[PDB]
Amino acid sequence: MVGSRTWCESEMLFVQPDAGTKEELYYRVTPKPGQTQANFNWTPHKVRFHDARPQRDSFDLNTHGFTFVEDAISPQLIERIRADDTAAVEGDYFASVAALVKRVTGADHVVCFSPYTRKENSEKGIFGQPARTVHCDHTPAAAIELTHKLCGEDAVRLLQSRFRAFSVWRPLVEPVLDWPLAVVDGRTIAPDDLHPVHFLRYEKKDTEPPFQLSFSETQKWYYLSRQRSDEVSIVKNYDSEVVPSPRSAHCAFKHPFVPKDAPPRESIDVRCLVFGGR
């Protein structure tokens, strides 16, 4: 893996370009003996990750599908989130995330859900660990289903205004050196790059499935080098409005120029239902 002044090379796990062209893809989170766990495989592919820091303030959610915003929070809230304080996450941090999205987008309503505190080499399952496969958190069907599930009677009225789904990512230890969150220019995503994958649990059908991405040389991947706890990444998973980037995609990668004995990456990401705004 080589690198330069504003980019480096690594790899991420992609699905095949023809994945799901014969049957629906599924991945059993709780695999049981006798039943097939998955009908597809991820494969690593070389990717050039361009450093976003030289042009950090120039990426916006409409043109690229992601943005980086300065937002400082108290070190006490960080240590509480690091201590698995569920009350601090669903209370103070949810209010912090909603206020940050409101002042960035001017939106009317923000609904937080599905918090994921991650640690490198953790044991809190897969979702307490950095993501290794390139994904978009919600398909359009998943984003609409989540609105009806979390907003209920107000879903139809809210879906008449602009609806967006965000992943609000923030590191808990700084700076992020290893396993950073890469993001792709949404304008460089082809429709053939998106593959719905149903994550199964005890045979329950996944009505909120994500997109899994296949590699493409056209994809321009970015990452904010040495990201700090005061720099928040907002990655767009869905957008009802037709913009140059209807969505983005994200994944973590092994940085090739970081010492092996570096402290493990720690972060928390929260999904957002965003209504209105610009």
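Sequential numbering from 1, following the sequence displayed.
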Study note, to complete from the structure: Once average C-alpha B-factors are taken from the entry for 7-15 and 21-29, the winner is 21-29
Point to revise | Residue stretch of maximal mean CA temperature factor, 117-125 vs 84-92 | key: 117-125
Study note, to complete from the structure: Of the residues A182, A141, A155, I189, the one whose Cα carries the largest B-factor in the deposited record is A155
**Study point:** C-alpha B-factor winner, where the candidates are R132, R201, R170, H195
**Key:** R201
Check your understanding: Lowest, middle or highest third: where is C136 by C-alpha B factor in its chain?
Key -> lowest
Exercise for review: Looking at the entry's B-factor column for C-alpha atoms only, identify whether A165 ranks in the lowest, middle or highest third of its chain.
Suggested key: lowest
Practice item. Using the B-factor values recorded in the entry, state whether the Cα atom of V47 falls in the lowest, middle or highest third among the modelled residues of its chain. Key: lowest
**Study point:** Lowest, middle or highest third - CA B-factor, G34
**Key:** highest
Practice item. Within this chain's modelled residues, let me know which third the CA B factor of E79 belongs to: lowest, middle or highest. Key: highest
